[PDB]
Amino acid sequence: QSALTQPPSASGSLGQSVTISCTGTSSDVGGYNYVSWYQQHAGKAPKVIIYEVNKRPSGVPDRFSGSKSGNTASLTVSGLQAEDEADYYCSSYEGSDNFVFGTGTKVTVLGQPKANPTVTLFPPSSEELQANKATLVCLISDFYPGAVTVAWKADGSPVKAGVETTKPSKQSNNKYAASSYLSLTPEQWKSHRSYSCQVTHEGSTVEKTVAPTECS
């Protein structure tokens, strides 16, 4: 219902400011002074970062900004944080206990430094065994470009079964995690000498080997 209109993208680079518009109307946007800007870090709570026009709530930084001119409002983000990557929404009052919500934004700070994952393999759980199971997890974390890619290996040859592997996810910082998991029978654990969780990201390969050996 004539959503307010927004820009489907808005790249910036650490320290650089940015500005997203939100085209409105004489009736939605230049009719009152009730434009809210919402965040949307992603797969989360919306979060309001500006209301009633140019009003920066309790605990947002000195750097978020809004100003409207005519039936157009806009959001400005000086010196780009690194977590400002999120989707951005405008919402305006439009008379009658009601509001309109012109779509997202999702900018991208760019020139984000790359990390390679901190692979961490994990042997099966005393408990798990005491249970007759055996899962091996391989946690991948603290990497940027969130296109990892992984393989298991049993004593130096592949294993193409019982291996679910999730998909990257942002993580409080601005690196992503992904766990790799492989399901085995206690017997199969003891049958082979080691298992390596082999992972390659942005060229780099990193392989961590775990052996049925310590306790558990």
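One-based numbering along the sequence shown.
**Q** Would 187-195 or 64-72 have the larger average of its C-alpha temperature factors, as given in the entry?
**A** Taking the mean C-alpha B-factor of 187-195 and of 64-72, the larger value falls to 64-72.
**Q** Look over 77-85 and 117-125 in the entry and identify the one with the greater average Cα temperature factor.
**A** Per the PDB entry, the higher value belongs to 77-85.
**Q** Based on what the PDB entry reports, which of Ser169, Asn174, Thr149, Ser179 has the top C-alpha B-factor?
**A** That would be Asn174, according to the entry.
**Q** Classify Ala10 as lowest, middle or highest third according to the C-alpha B-factor given in the PDB entry, relative to its own chain.
**A** For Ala10, whose C-alpha B-factor we compare with every modelled residue in the chain, the answer is the middle third.
**Q** Would you check the entry's CA temperature factor for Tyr32 and let me know if it's in the chain's lowest, middle or highest third?
**A** Tercile = highest for this residue's CA B-factor.
**Q** For the chain shown, is the CA B-factor of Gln39 in the lowest, middle or highest third of its modelled residues?
**A** Middle third, going by the recorded CA B-factors of the chain.
**Q** Would you mind ranking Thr19 by its C-alpha B-factor against the rest of the chain and naming the third, lowest, middle or highest?
**A** For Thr19, whose C-alpha B-factor we compare with every modelled residue in the chain, the answer is the middle third.
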